[PDB]
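Let's start with one chain on its own, the form deposited in one PDB entry, as structure tokens.
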């Protein structure tokens, strides 16, 4: 059925699965024209296709050329997403093909089902999780490869860097969703938390800084502080007054539809 809180551990079992997030496929700037009408200008986008067990990210860059002379772009973007996910699955060896594809937005279900008719044993599922994968473009190295692209390109990343050497997939995904939620909620404050101590760098082959286990605990705390601070600012709530249950419930509640 739907992937929710009740079946969360299923994400980290040994059944290959992919999340697909289409929220950055069709991206525009909105501007006034000379005549004072409004026009859009597309910018390069990306499909975010992630294995939550291994951290493997299949970032398909969507170059603005794919929109040229097309209509109903927000509808087309879903079908282009499904077309590219189905092309990625066909490109993978059989033993690497997912058993399940979890779409972050339920508007992706019909397009993906229809493109995947040839794979009746791959389950296409929605999720009750509110995942912050839209914030992928707040990761500097991801934003940079998308914006520099001059043509359609697939780029492969491990979005966990080397964390799985030290932590479980469950913990790695929890860390990723906390970082992306913080970057979604207050990008500048999240980047300052990550990039403050100049002595801790990002390896050439990594996306995130080289924090020790103790430093990751500090960073994670600072990210939860940011999220709670922003929830207080948004709703005009005195957060200093909140209890530990109230706080856990607020940070969790935001990653649940």
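Numbering follows the first chain given and starts at 1. What we label the rigid core is the largest C-alpha set whose atoms superpose within 1.5 Å from one form to the other.
Comparing 11-19 with 229-237 by root mean square Cα distance to the shown form in 9 other deposited structures of this protein, with the rigid core used for the fit, gives 229-237 as the more displaced stretch. Where the structures in 9 other deposited structures of this protein are fitted on the rigid core, 38-46 is the one of 38-46 and 59-67 whose C-alphas sit farther from the shown form on average. For the two regions 10-18 and 235-243, the entry's Cα B-factors average higher over 235-243.
The mean Cα B-factor in the deposited entry runs higher for 117-125 than for the other of 117-125 and 75-83. When the C-alpha B factors of 215, 204, 44, 54 are read from the deposited coordinates, the top value falls at 215. Out of 61, 66, 50, 200, it is 200 whose C-alpha atom has the highest B-factor in the PDB entry. Per-chain ranking of the deposited C-alpha B factor places residue 191 in the highest third. In this PDB entry, the Cα temperature factor of residue 169 sits in the bottom third of its chain's modelled residues, the lowest group. Ranked by Cα temperature factor within the chain, residue 104 sits in the lowest third according to the deposited record. Ranked within its chain, residue 143 lands in the middle third, by CA B factor from the PDB record.
Per the deposited record, the Cα B-factor of residue 175 falls in the lowest third when ranked against the other modelled residues of its chain.
What comes next is about the form solved in complex with a small molecule, which does not appear here.
Among 92, 123, 109, 149, the residue placing a heavy atom within 4.5 Å of the small molecule in the entry with it bound is 92.
When contacts are judged by a 4.5 Å heavy atom cut-off, residue 44 does not count as touching the small molecule in the entry with it bound. Proximity of residue 20 to the small molecule in the entry with it bound falls outside the 4.5 Å heavy atom cutoff.
Although the partner is absent here, residue 54 lies within 4.5 Å of the small molecule in the entry with it bound, judged by heavy atoms.
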